[PDB]
Amino acid sequence: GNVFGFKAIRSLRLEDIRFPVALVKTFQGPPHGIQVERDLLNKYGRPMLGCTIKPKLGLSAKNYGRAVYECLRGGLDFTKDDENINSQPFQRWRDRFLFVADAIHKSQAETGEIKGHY
Amino acid sequence: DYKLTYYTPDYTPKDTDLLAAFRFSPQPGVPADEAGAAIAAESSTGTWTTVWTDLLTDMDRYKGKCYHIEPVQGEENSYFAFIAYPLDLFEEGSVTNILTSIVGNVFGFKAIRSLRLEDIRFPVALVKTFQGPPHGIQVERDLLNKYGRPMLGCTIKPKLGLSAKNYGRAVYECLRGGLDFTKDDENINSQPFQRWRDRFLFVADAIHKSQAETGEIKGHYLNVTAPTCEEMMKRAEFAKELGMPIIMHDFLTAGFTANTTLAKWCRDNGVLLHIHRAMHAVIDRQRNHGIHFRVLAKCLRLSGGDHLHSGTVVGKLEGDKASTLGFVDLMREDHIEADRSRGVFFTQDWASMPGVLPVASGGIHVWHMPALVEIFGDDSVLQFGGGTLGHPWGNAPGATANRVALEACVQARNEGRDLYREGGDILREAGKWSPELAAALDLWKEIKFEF
Amino acid sequence: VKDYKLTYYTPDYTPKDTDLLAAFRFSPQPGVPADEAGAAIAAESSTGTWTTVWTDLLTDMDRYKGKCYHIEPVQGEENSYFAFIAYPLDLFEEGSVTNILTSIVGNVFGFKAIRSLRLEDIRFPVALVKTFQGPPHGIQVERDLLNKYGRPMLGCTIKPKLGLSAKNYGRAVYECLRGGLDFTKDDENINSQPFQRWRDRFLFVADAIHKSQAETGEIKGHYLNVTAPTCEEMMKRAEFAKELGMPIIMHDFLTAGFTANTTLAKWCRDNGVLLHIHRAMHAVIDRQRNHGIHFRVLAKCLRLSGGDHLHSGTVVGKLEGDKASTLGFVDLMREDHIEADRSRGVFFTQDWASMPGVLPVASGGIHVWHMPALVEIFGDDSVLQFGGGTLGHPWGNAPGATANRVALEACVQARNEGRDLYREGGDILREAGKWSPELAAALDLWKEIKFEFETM
Amino acid sequence: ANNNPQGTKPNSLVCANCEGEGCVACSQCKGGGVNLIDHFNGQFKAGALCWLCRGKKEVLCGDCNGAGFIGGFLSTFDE
Amino acid sequence: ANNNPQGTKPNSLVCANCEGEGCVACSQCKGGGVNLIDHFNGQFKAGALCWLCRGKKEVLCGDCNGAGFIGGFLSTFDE
């Protein structure tokens, strides 16, 4: 809180912290976990692998969808939205969601696995 | 007080009075007549006199009247007491009110050793204000399209420590073999190792696969017992959205308010309801204190429910077997005459309210198939535990073994053969055209005896 | 496991601080030993096997099973033992009493090789106490809301009257509250019945409360009974009672269940009313000393689920053998740390982790000559319900309320001044019944006690 | 009046004191109906109505509280 | 082997049949693992794995379903 502003110390850094079980049991935790997440995916044995789309800005919604489709058809599992692309004027969010869903359904029905885009 | 004013031995009860039959054992020194009058007064306005009731001449319209204190033979210092309560004491549609008004504080009486409630008779005037079972027997046999034989169900024994993925695979294996229902364990709700939405998802997937593959209609009881009412309704709504045809509940730990709410929801949304009877030996196991189970079966048929656990009768001595047959007849039928040899104390008429389906369970195998098929008849479900998951080959072979045995026994009963004498013979001549039934007949060596 | 020690009876095992302990008193059938019966009770409450045929199919197990870690004979009785069992924490849902009940007492009470089984106590870990809500308000918050410090609270139930209109009901409530009492209570088996529907009763009781509280200058109340057939009806009644501005309501936690009680407790916490729990249909569960579920377990489960007041029964007329047990489970629901003591029935050491307390209500055929004893046994953190000791005064209800109020204040003032209350109750009440005709009439109507040598 | 603390008939449950009536006769006026002696200071003076029963010659009974018997939620303590 | 009652051990809850093992030895292949005669004409005869135990040498006890004792739930709710 205000401990970091204490004026009689030159520098302060919080290195670790231990929560009791009594306090852990009052939080929800991860929605699914690791086992559940693996079970829905049905991807056992190997680490999952995914891609990010660095030709980031300026792309329309349809070209974004086409790049996602080409990457997912090749054999990846997950594709990723650029971290700082939410609803910029050149590309709103509802259109991006639409075309990405179209590409996901295409490639998933084409190969035979479960695909995904963050 | 030589006049008791509550023990009216010549009073005959009306047809709009609620009758109750207690078996009590009075303390040493106390007679029987006064103990009956005191049981009548404690479960009503707790006075023999009229120093409050005579407020403005509004007397004896809300008091019970003992009218029969015959003694029970065999035992001594033990009697029966019949009591009649007016109709304007109870509200409509509430079972909690009936329980609170009758058994609220009479059991804590000080001048009796022990007190048990053996039977109860609801008038038609009061039966017609409750909803009853959501569907019944005819409707729930037409919804599933299964005629002329009992139904088959399996319970999954490796209860704890099983991922939802493996759970779904086991359910699919069992249902694909030929069973009808699979059951969710009684104490599996939302533990941290297996939450409920995952279980519901994978079980629905398995049901859809097996039903689209085998052509029949499959089902899995999904436990919706929750900590509150919001969670219970969320679970039920999700199980309906997936397309599930039947759910489960516990009416003795969750209560009667939650059971009535769930029954009304299930009627409005076309789902069937299966009632599990956990925590029942806490009340009725001792033969001298408690509440006999037929009273709770009647209260259940009133509030709601489609199936009900009742327990096997293959190995009971007598009387107990007769008692269980009595309170199975009290559930399935529509008019029951008074037969004290098999428990029933009063004549009960249900006014064309639907029936409830008995369920037998508790470690039965293929060799028990004849007896059951001729005791419960064809209006029942048969739950198998280890009798399906223990087959040497797997789960689907055990399913087919039980299916073959059941259909063989029912086809042999149709032709006119006797199932007591030559049930094992039928099973043996059936276990020749199928390897699974032969393996089952060789593993469970119980051919105990018949007739 | 024929001669092996069953892997379920491990006497060299000490339980963790995140294990739920349970103590059963059982009596086995003729021929069956004790340790085998204990291990079988341990196997019934969990995975119902002694072997590893089912469980160990592909990976680890033996972490979802109980372990009987102690068995000892009961003193004074033969063929009767105590078994202690320790369940893990992974078996129980977070925030549900229904699950704990149906997982422990689910189907062990039907074991065939046992004559009789009783559940004497239970110990919840702190890790499990913290996932429940607890009482909506507690003791201190409740005291602040009612603004009544120092003395116990007073109440009256209109019990032996069934068939009154709604207006006469409101009139009697008004006469009681105006006289000097604090709480009035409905009859425990009154609902919307043909002679008296619920909305009329609520209306007239609210009017009486407003009148009396306005013309006396302090906060008064009436426990309105919101028990209902369904949950929609229950919520309707509770919402309408809050609209009128009522401070407290009532419920029956054994005929309605634990799901409805948890729902109502969460509603009361959100909307700021107090909840009074009435124990009905309990003697069906715990009267016989050889089968059932003793009441301290249900008191703990109620403190977890929700509730501010709880009926606990008086002790003025009990043996020390049972007066000790009642004082034990009254301390089990007010304090914050209770040490194990078998003379008072407490089997395990329980720590409640700053969860509030509930308030004991002592009712049932008590009159003025009991007011000394009750003030020094229960202390001043309690409520006293006077069924017949109020409505039976020779000339009305308000004088009876005034008599009870005078007696209570006299006794508590005398206790504050240092005087005794066991050898000095009679003369205290007689000295107070000098300048007040109501208390004199009340003292003459009933009769003294004269307990014993000098005390209890 | 009687000094039974809380007692029944020898075998019956009927409370002995009131004999199942649930009501007894006033012990100040002896069923007369009018007060006899000045009691506190003069606000209850002789000649007027009885100061206790208010002129009914009949009061309730302590041991059996309006219940013709012993036991139950009116006469005994709830556990 | 074919003793009719479920047969707890003398003065002991443990089931006698498996002696608490929860499993018995196959009474078809004599614990060998391969067939000995022909059973179903043209399908299961000597040379290959046992038709009953599928070559695991052990089957479930008939009297108790792995409970290890007779009065439990997987075994005795056949009253």
# chains A, B, ... in the order shown; residues from 1 in each chain; ligands from 1
call {"tool": "select_by_dssp", "arguments": {"residues": "range 252-341 of chain C", "states": "alpha helix (DSSP H)", "output": "PyMOL selection string"}}
result
chain C and resi 259-271+295-305+320-331
call {"tool": "write_last_selection", "arguments": {"atoms": "N, CA and C atoms", "output": "short mmCIF file (atom, residue, chain, number, x, y, z; two decimals), in the first residue's frame"}}
result
data_model
loop_
_atom_site.label_atom_id
_atom_site.label_comp_id
_atom_site.auth_asym_id
_atom_site.auth_seq_id
_atom_site.Cartn_x
_atom_site.Cartn_y
_atom_site.Cartn_z
N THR C 259 -31.37 -26.40 2.02
CA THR C 259 -31.29 -25.57 0.83
C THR C 259 -32.11 -24.30 0.99
N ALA C 260 -33.34 -24.43 1.47
CA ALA C 260 -34.16 -23.25 1.71
C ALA C 260 -33.59 -22.37 2.80
N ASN C 261 -32.99 -22.97 3.83
CA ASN C 261 -32.42 -22.15 4.90
C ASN C 261 -31.20 -21.39 4.43
N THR C 262 -30.36 -22.00 3.59
CA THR C 262 -29.22 -21.28 3.04
C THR C 262 -29.67 -20.15 2.12
N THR C 263 -30.66 -20.41 1.27
CA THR C 263 -31.18 -19.35 0.41
C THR C 263 -31.72 -18.19 1.23
N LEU C 264 -32.50 -18.49 2.26
CA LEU C 264 -33.07 -17.43 3.08
C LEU C 264 -32.00 -16.67 3.84
N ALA C 265 -30.95 -17.36 4.30
CA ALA C 265 -29.89 -16.66 5.01
C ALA C 265 -29.13 -15.72 4.10
N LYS C 266 -28.92 -16.11 2.84
CA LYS C 266 -28.25 -15.19 1.92
C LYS C 266 -29.13 -13.99 1.60
N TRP C 267 -30.43 -14.21 1.43
CA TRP C 267 -31.34 -13.09 1.23
C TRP C 267 -31.31 -12.14 2.42
N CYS C 268 -31.36 -12.69 3.64
CA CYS C 268 -31.36 -11.85 4.84
C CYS C 268 -30.06 -11.06 4.96
N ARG C 269 -28.94 -11.66 4.57
CA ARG C 269 -27.68 -10.93 4.60
C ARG C 269 -27.68 -9.79 3.59
N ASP C 270 -28.22 -10.02 2.39
CA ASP C 270 -28.25 -8.96 1.39
C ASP C 270 -29.18 -7.83 1.80
N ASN C 271 -30.30 -8.14 2.46
CA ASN C 271 -31.32 -7.14 2.71
C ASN C 271 -31.39 -6.67 4.16
N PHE C 295 -27.88 -33.38 18.99
CA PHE C 295 -28.28 -32.05 18.55
C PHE C 295 -27.13 -31.08 18.40
N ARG C 296 -25.98 -31.32 19.02
CA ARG C 296 -24.88 -30.39 18.85
C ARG C 296 -24.36 -30.39 17.42
N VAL C 297 -24.46 -31.52 16.73
CA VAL C 297 -24.09 -31.57 15.32
C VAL C 297 -24.98 -30.65 14.50
N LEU C 298 -26.29 -30.66 14.78
CA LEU C 298 -27.20 -29.79 14.05
C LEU C 298 -27.02 -28.34 14.45
N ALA C 299 -26.63 -28.07 15.69
CA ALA C 299 -26.32 -26.69 16.07
C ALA C 299 -25.11 -26.17 15.31
N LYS C 300 -24.08 -27.00 15.14
CA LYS C 300 -22.93 -26.59 14.35
C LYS C 300 -23.32 -26.36 12.90
N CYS C 301 -24.09 -27.28 12.32
CA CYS C 301 -24.50 -27.12 10.93
C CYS C 301 -25.37 -25.89 10.74
N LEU C 302 -26.12 -25.49 11.76
CA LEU C 302 -26.89 -24.26 11.65
C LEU C 302 -26.01 -23.03 11.77
N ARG C 303 -25.04 -23.04 12.67
CA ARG C 303 -24.12 -21.91 12.73
C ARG C 303 -23.37 -21.75 11.42
N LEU C 304 -23.13 -22.84 10.71
CA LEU C 304 -22.49 -22.73 9.40
C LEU C 304 -23.46 -22.21 8.35
N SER C 305 -24.65 -22.80 8.26
CA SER C 305 -25.58 -22.45 7.20
C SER C 305 -26.09 -21.02 7.34
N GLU C 320 -27.63 -32.74 36.31
CA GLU C 320 -26.32 -32.22 35.93
C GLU C 320 -25.71 -33.01 34.78
N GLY C 321 -26.04 -34.30 34.67
CA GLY C 321 -25.56 -35.10 33.56
C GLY C 321 -25.96 -34.55 32.20
N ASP C 322 -27.16 -33.98 32.09
CA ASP C 322 -27.61 -33.37 30.85
C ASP C 322 -27.54 -31.85 30.86
N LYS C 323 -27.64 -31.23 32.03
CA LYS C 323 -27.39 -29.80 32.10
C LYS C 323 -25.98 -29.48 31.63
N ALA C 324 -25.02 -30.35 31.95
CA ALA C 324 -23.66 -30.16 31.46
C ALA C 324 -23.61 -30.20 29.94
N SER C 325 -24.31 -31.16 29.33
CA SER C 325 -24.30 -31.26 27.87
C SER C 325 -24.93 -30.03 27.23
N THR C 326 -26.01 -29.53 27.82
CA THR C 326 -26.66 -28.36 27.24
C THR C 326 -25.79 -27.11 27.39
N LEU C 327 -25.15 -26.93 28.54
CA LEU C 327 -24.22 -25.81 28.68
C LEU C 327 -23.06 -25.95 27.71
N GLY C 328 -22.61 -27.18 27.47
CA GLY C 328 -21.55 -27.39 26.51
C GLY C 328 -21.93 -26.92 25.12
N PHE C 329 -23.06 -27.39 24.61
CA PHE C 329 -23.39 -26.96 23.25
C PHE C 329 -23.99 -25.57 23.20
N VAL C 330 -24.22 -24.93 24.35
CA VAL C 330 -24.51 -23.50 24.30
C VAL C 330 -23.22 -22.70 24.19
N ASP C 331 -22.14 -23.16 24.83
CA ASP C 331 -20.85 -22.53 24.59
C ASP C 331 -20.33 -22.81 23.19
#
call {"tool": "calpha_fit_and_write", "arguments": {"fixed": "chain D", "moving": "chain E", "output": "short mmCIF file (atom, residue, chain, number, x, y, z; two decimals) with N, CA and C atoms, in the first residue's frame"}}
result
data_model
loop_
_atom_site.label_atom_id
_atom_site.label_comp_id
_atom_site.auth_asym_id
_atom_site.auth_seq_id
_atom_site.Cartn_x
_atom_site.Cartn_y
_atom_site.Cartn_z
N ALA E 1 -51.85 -26.19 49.40
CA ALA E 1 -51.90 -25.38 48.19
C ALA E 1 -50.51 -25.18 47.61
N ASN E 2 -49.56 -24.81 48.48
CA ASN E 2 -48.18 -24.58 48.06
C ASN E 2 -47.39 -25.88 48.18
N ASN E 3 -47.80 -26.86 47.38
CA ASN E 3 -47.05 -28.09 47.21
C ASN E 3 -46.02 -27.88 46.10
N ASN E 4 -44.75 -28.19 46.40
CA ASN E 4 -43.66 -27.79 45.51
C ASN E 4 -43.77 -28.42 44.13
N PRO E 5 -43.78 -29.74 43.97
CA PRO E 5 -43.77 -30.30 42.61
C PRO E 5 -45.08 -30.04 41.88
N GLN E 6 -45.03 -30.20 40.56
CA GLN E 6 -46.22 -29.99 39.74
C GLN E 6 -47.29 -31.04 40.03
N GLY E 7 -46.89 -32.22 40.48
CA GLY E 7 -47.83 -33.13 41.12
C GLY E 7 -48.96 -33.67 40.28
N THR E 8 -48.66 -34.56 39.34
CA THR E 8 -49.72 -35.31 38.69
C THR E 8 -50.45 -36.18 39.71
N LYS E 9 -51.71 -36.49 39.41
CA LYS E 9 -52.49 -37.35 40.28
C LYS E 9 -51.86 -38.75 40.33
N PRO E 10 -52.21 -39.55 41.33
CA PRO E 10 -51.59 -40.88 41.47
C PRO E 10 -51.94 -41.78 40.29
N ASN E 11 -50.91 -42.21 39.55
CA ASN E 11 -51.11 -43.04 38.34
C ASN E 11 -51.94 -42.34 37.28
N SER E 12 -52.02 -41.01 37.34
CA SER E 12 -52.82 -40.25 36.37
C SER E 12 -52.16 -39.00 35.82
N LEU E 13 -52.21 -38.81 34.51
CA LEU E 13 -51.59 -37.64 33.87
C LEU E 13 -52.22 -36.33 34.29
N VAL E 14 -53.48 -36.38 34.72
CA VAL E 14 -54.19 -35.15 35.07
C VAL E 14 -53.49 -34.42 36.21
N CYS E 15 -53.40 -33.09 36.11
CA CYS E 15 -52.78 -32.32 37.17
C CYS E 15 -53.67 -32.31 38.40
N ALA E 16 -53.10 -32.62 39.56
CA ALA E 16 -53.87 -32.61 40.80
C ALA E 16 -54.36 -31.24 41.23
N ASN E 17 -53.53 -30.22 41.07
CA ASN E 17 -53.88 -28.88 41.55
C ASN E 17 -55.28 -28.38 41.15
N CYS E 18 -55.61 -28.42 39.87
CA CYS E 18 -56.93 -27.98 39.43
C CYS E 18 -57.84 -29.16 39.19
N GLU E 19 -57.34 -30.38 39.39
CA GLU E 19 -58.12 -31.60 39.10
C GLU E 19 -58.70 -31.57 37.69
N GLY E 20 -57.94 -31.01 36.75
CA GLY E 20 -58.38 -30.94 35.37
C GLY E 20 -59.32 -29.80 35.02
N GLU E 21 -59.66 -28.96 35.99
CA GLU E 21 -60.49 -27.79 35.70
C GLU E 21 -59.76 -26.77 34.85
N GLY E 22 -58.47 -26.58 35.11
CA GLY E 22 -57.71 -25.57 34.39
C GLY E 22 -57.84 -24.23 35.09
N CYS E 23 -58.60 -24.20 36.18
CA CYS E 23 -58.81 -22.97 36.92
C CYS E 23 -58.99 -23.24 38.40
N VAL E 24 -58.61 -22.28 39.24
CA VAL E 24 -58.73 -22.41 40.68
C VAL E 24 -59.51 -21.22 41.22
N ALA E 25 -59.90 -21.33 42.49
CA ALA E 25 -60.63 -20.28 43.18
C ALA E 25 -59.65 -19.30 43.81
N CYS E 26 -59.98 -18.01 43.73
CA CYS E 26 -59.08 -16.97 44.22
C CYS E 26 -58.80 -17.14 45.70
N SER E 27 -57.51 -17.18 46.06
CA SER E 27 -57.08 -17.31 47.44
C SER E 27 -56.86 -15.97 48.11
N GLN E 28 -57.48 -14.91 47.60
CA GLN E 28 -57.39 -13.58 48.20
C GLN E 28 -58.73 -13.08 48.70
N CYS E 29 -59.76 -13.13 47.86
CA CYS E 29 -61.10 -12.73 48.25
C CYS E 29 -61.95 -13.91 48.72
N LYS E 30 -61.35 -15.09 48.89
CA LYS E 30 -62.06 -16.28 49.36
C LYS E 30 -63.27 -16.60 48.49
N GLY E 31 -63.17 -16.29 47.20
CA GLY E 31 -64.30 -16.45 46.31
C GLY E 31 -65.45 -15.50 46.56
N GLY E 32 -65.27 -14.51 47.42
CA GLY E 32 -66.33 -13.57 47.74
C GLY E 32 -66.55 -12.54 46.66
N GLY E 33 -65.48 -11.89 46.23
CA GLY E 33 -65.54 -10.88 45.19
C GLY E 33 -65.12 -9.50 45.63
N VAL E 34 -65.02 -9.25 46.93
CA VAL E 34 -64.65 -7.94 47.45
C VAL E 34 -63.48 -8.10 48.41
N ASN E 35 -62.72 -7.02 48.54
CA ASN E 35 -61.52 -7.04 49.37
C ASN E 35 -61.88 -7.28 50.84
N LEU E 36 -60.89 -7.72 51.60
CA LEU E 36 -61.05 -8.01 53.02
C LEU E 36 -60.16 -7.17 53.92
N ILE E 37 -58.96 -6.80 53.45
CA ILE E 37 -58.03 -5.97 54.19
C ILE E 37 -57.54 -4.89 53.24
N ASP E 38 -56.64 -4.04 53.72
CA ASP E 38 -55.91 -3.12 52.86
C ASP E 38 -54.59 -3.76 52.47
N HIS E 39 -54.25 -3.68 51.18
CA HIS E 39 -53.05 -4.31 50.65
C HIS E 39 -52.01 -3.30 50.21
N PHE E 40 -52.36 -2.39 49.32
CA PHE E 40 -51.49 -1.29 48.92
C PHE E 40 -52.07 -0.01 49.50
N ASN E 41 -51.30 0.65 50.36
CA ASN E 41 -51.81 1.69 51.24
C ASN E 41 -52.51 2.81 50.48
N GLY E 42 -53.83 2.88 50.61
CA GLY E 42 -54.59 3.93 49.99
C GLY E 42 -55.13 3.62 48.61
N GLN E 43 -54.95 2.40 48.12
CA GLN E 43 -55.38 2.06 46.76
C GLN E 43 -56.35 0.89 46.72
N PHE E 44 -56.05 -0.19 47.43
CA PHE E 44 -56.86 -1.41 47.38
C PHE E 44 -57.18 -1.83 48.81
N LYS E 45 -58.37 -1.47 49.28
CA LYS E 45 -58.82 -1.86 50.61
C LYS E 45 -60.32 -2.14 50.58
N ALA E 46 -60.79 -2.74 51.68
CA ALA E 46 -62.11 -3.37 51.72
C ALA E 46 -63.21 -2.43 51.23
N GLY E 47 -64.21 -3.02 50.59
CA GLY E 47 -65.34 -2.27 50.07
C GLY E 47 -65.55 -2.45 48.59
N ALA E 48 -64.46 -2.50 47.82
CA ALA E 48 -64.53 -2.62 46.38
C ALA E 48 -64.14 -4.03 45.94
N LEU E 49 -64.11 -4.23 44.62
CA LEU E 49 -63.85 -5.54 44.06
C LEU E 49 -62.45 -6.03 44.43
N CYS E 50 -62.28 -7.35 44.38
CA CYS E 50 -61.00 -7.96 44.71
C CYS E 50 -59.90 -7.42 43.81
N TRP E 51 -58.74 -7.16 44.39
CA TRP E 51 -57.65 -6.58 43.61
C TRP E 51 -57.01 -7.61 42.70
N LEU E 52 -57.02 -8.89 43.08
CA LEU E 52 -56.35 -9.90 42.27
C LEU E 52 -57.24 -10.37 41.12
N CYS E 53 -58.36 -11.01 41.44
CA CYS E 53 -59.20 -11.63 40.42
C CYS E 53 -60.12 -10.64 39.72
N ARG E 54 -60.07 -9.36 40.08
CA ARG E 54 -60.91 -8.32 39.48
C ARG E 54 -62.39 -8.65 39.56
N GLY E 55 -62.79 -9.54 40.46
CA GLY E 55 -64.19 -9.86 40.63
C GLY E 55 -64.72 -10.97 39.76
N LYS E 56 -63.86 -11.87 39.28
CA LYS E 56 -64.28 -13.00 38.48
C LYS E 56 -64.30 -14.30 39.26
N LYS E 57 -63.84 -14.28 40.51
CA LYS E 57 -63.87 -15.39 41.47
C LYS E 57 -62.95 -16.54 41.09
N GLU E 58 -62.29 -16.49 39.94
CA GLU E 58 -61.49 -17.62 39.47
C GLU E 58 -60.24 -17.12 38.79
N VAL E 59 -59.12 -17.80 39.05
CA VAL E 59 -57.85 -17.47 38.43
C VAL E 59 -57.28 -18.72 37.76
N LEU E 60 -56.20 -18.56 37.01
CA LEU E 60 -55.58 -19.70 36.32
C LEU E 60 -54.85 -20.58 37.33
N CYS E 61 -54.82 -21.89 37.11
CA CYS E 61 -54.06 -22.74 38.01
C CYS E 61 -52.57 -22.46 37.89
N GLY E 62 -51.88 -22.32 39.02
CA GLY E 62 -50.45 -22.10 38.99
C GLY E 62 -49.61 -23.25 38.46
N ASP E 63 -49.94 -24.48 38.86
CA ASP E 63 -49.17 -25.65 38.43
C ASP E 63 -49.21 -25.90 36.92
N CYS E 64 -50.41 -25.90 36.34
CA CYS E 64 -50.54 -26.10 34.89
C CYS E 64 -51.25 -24.93 34.23
N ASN E 65 -50.77 -24.50 33.07
CA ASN E 65 -51.36 -23.35 32.40
C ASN E 65 -52.56 -23.73 31.56
N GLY E 66 -53.60 -24.28 32.18
CA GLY E 66 -54.81 -24.64 31.45
C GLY E 66 -54.65 -25.91 30.64
N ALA E 67 -53.51 -26.59 30.78
CA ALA E 67 -53.26 -27.77 29.97
C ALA E 67 -54.13 -28.92 30.43
N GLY E 68 -54.38 -29.00 31.73
CA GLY E 68 -55.20 -30.07 32.28
C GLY E 68 -54.38 -31.30 32.54
N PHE E 69 -53.12 -31.30 32.12
CA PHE E 69 -52.21 -32.41 32.39
C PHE E 69 -50.82 -31.83 32.55
N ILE E 70 -49.92 -32.52 33.23
CA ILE E 70 -48.61 -31.93 33.52
C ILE E 70 -47.52 -32.07 32.44
N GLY E 71 -47.44 -33.19 31.73
CA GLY E 71 -46.36 -33.36 30.76
C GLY E 71 -46.47 -32.73 29.39
N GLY E 72 -47.31 -31.72 29.18
CA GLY E 72 -47.59 -31.16 27.87
C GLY E 72 -46.55 -30.18 27.38
N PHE E 73 -46.99 -29.05 26.84
CA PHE E 73 -46.09 -28.02 26.36
C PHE E 73 -46.18 -26.72 27.14
N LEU E 74 -47.39 -26.29 27.49
CA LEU E 74 -47.55 -25.07 28.28
C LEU E 74 -47.03 -25.22 29.70
N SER E 75 -46.67 -26.42 30.12
CA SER E 75 -46.36 -26.67 31.52
C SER E 75 -44.95 -27.17 31.76
N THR E 76 -44.50 -28.19 31.03
CA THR E 76 -43.38 -29.00 31.49
C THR E 76 -42.09 -28.79 30.72
N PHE E 77 -42.04 -27.88 29.76
CA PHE E 77 -40.76 -27.71 29.08
C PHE E 77 -39.85 -26.82 29.92
N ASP E 78 -39.72 -27.17 31.20
CA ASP E 78 -38.81 -26.51 32.13
C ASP E 78 -37.73 -27.46 32.61
N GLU E 79 -37.25 -28.34 31.74
CA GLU E 79 -36.18 -29.26 32.08
C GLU E 79 -34.86 -28.50 32.14
#
call {"tool": "interface_residues", "arguments": {"of": "chain B", "to": "chain C", "cutoff": "7 Å", "atoms": "only C-alpha atoms", "output": "PyMOL selection string"}}
result
chain B and resi 45-46+52-53+88-91+93-94+96-97+100-101+103-105+107-108+158+160+187+190-192+227-229+253-258+260-261+278-279+281-283+290
call {"tool": "closest_residue", "arguments": {"among": "A:11, A:42, A:84, A:63", "to": "residue 112 in chain A", "atoms": "only C-alpha atoms"}}
result
A:42
call {"tool": "atom_distance", "arguments": {"atom1": "CA of residue 348 in chain C", "atom2": "CA of residue 122 in chain C"}}
result
7.5 Å
call {"tool": "closest_atom_pairs", "arguments": {"of": "chain A", "to": "chain C", "cutoff": "7 Å", "atoms": "only C-alpha atoms", "output": "JSON lines"}}
result
{"residue": "A:21", "atom": "CA", "partner": "C:127", "partner_atom": "CA", "distance": 6.2}
{"residue": "A:22", "atom": "CA", "partner": "C:127", "partner_atom": "CA", "distance": 4.0}
{"residue": "A:25", "atom": "CA", "partner": "C:127", "partner_atom": "CA", "distance": 6.4}
{"residue": "A:26", "atom": "CA", "partner": "C:131", "partner_atom": "CA", "distance": 5.6}
call {"tool": "write_last_selection", "arguments": {"atoms": "N, CA and C atoms", "output": "compact mmCIF listing (two decimals), in the first residue's frame"}}
result
# COMPACT_ATOMS: atom_id res chain seq x y z
N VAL A 21 -3.93 -22.20 3.41
CA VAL A 21 -4.99 -22.96 2.76
C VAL A 21 -6.35 -22.36 3.10
N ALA A 22 -6.49 -21.88 4.34
CA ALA A 22 -7.74 -21.25 4.76
C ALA A 22 -8.13 -20.11 3.84
N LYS A 25 -8.83 -21.44 -0.09
CA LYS A 25 -10.10 -22.12 -0.35
C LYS A 25 -11.27 -21.17 -0.57
N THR A 26 -11.09 -19.86 -0.45
CA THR A 26 -12.18 -18.91 -0.65
C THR A 26 -12.15 -18.24 -2.01
call {"tool": "closest_atom_pairs", "arguments": {"of": "chain C", "to": "chain D", "cutoff": "8 Å", "atoms": "only C-alpha atoms", "output": "JSON lines"}}
result
{"residue": "C:313", "atom": "CA", "partner": "D:78", "partner_atom": "CA", "distance": 5.2}
{"residue": "C:314", "atom": "CA", "partner": "D:77", "partner_atom": "CA", "distance": 6.2}
{"residue": "C:315", "atom": "CA", "partner": "D:79", "partner_atom": "CA", "distance": 7.3}
{"residue": "C:316", "atom": "CA", "partner": "D:77", "partner_atom": "CA", "distance": 7.8}
{"residue": "C:317", "atom": "CA", "partner": "D:77", "partner_atom": "CA", "distance": 7.0}
{"residue": "C:318", "atom": "CA", "partner": "D:79", "partner_atom": "CA", "distance": 7.8}
{"residue": "C:363", "atom": "CA", "partner": "D:78", "partner_atom": "CA", "distance": 6.6}
{"residue": "C:364", "atom": "CA", "partner": "D:77", "partner_atom": "CA", "distance": 5.0}
{"residue": "C:365", "atom": "CA", "partner": "D:74", "partner_atom": "CA", "distance": 5.0}
{"residue": "C:366", "atom": "CA", "partner": "D:77", "partner_atom": "CA", "distance": 7.1}
{"residue": "C:387", "atom": "CA", "partner": "D:74", "partner_atom": "CA", "distance": 7.3}
{"residue": "C:388", "atom": "CA", "partner": "D:74", "partner_atom": "CA", "distance": 6.6}
{"residue": "C:392", "atom": "CA", "partner": "D:60", "partner_atom": "CA", "distance": 6.9}
{"residue": "C:394", "atom": "CA", "partner": "D:53", "partner_atom": "CA", "distance": 5.8}
{"residue": "C:395", "atom": "CA", "partner": "D:54", "partner_atom": "CA", "distance": 7.0}
{"residue": "C:441", "atom": "CA", "partner": "D:52", "partner_atom": "CA", "distance": 6.3}
{"residue": "C:445", "atom": "CA", "partner": "D:62", "partner_atom": "CA", "distance": 6.3}
{"residue": "C:446", "atom": "CA", "partner": "D:62", "partner_atom": "CA", "distance": 4.5}
{"residue": "C:447", "atom": "CA", "partner": "D:62", "partner_atom": "CA", "distance": 6.7}
{"residue": "C:448", "atom": "CA", "partner": "D:5", "partner_atom": "CA", "distance": 8.0}
{"residue": "C:449", "atom": "CA", "partner": "D:5", "partner_atom": "CA", "distance": 7.2}
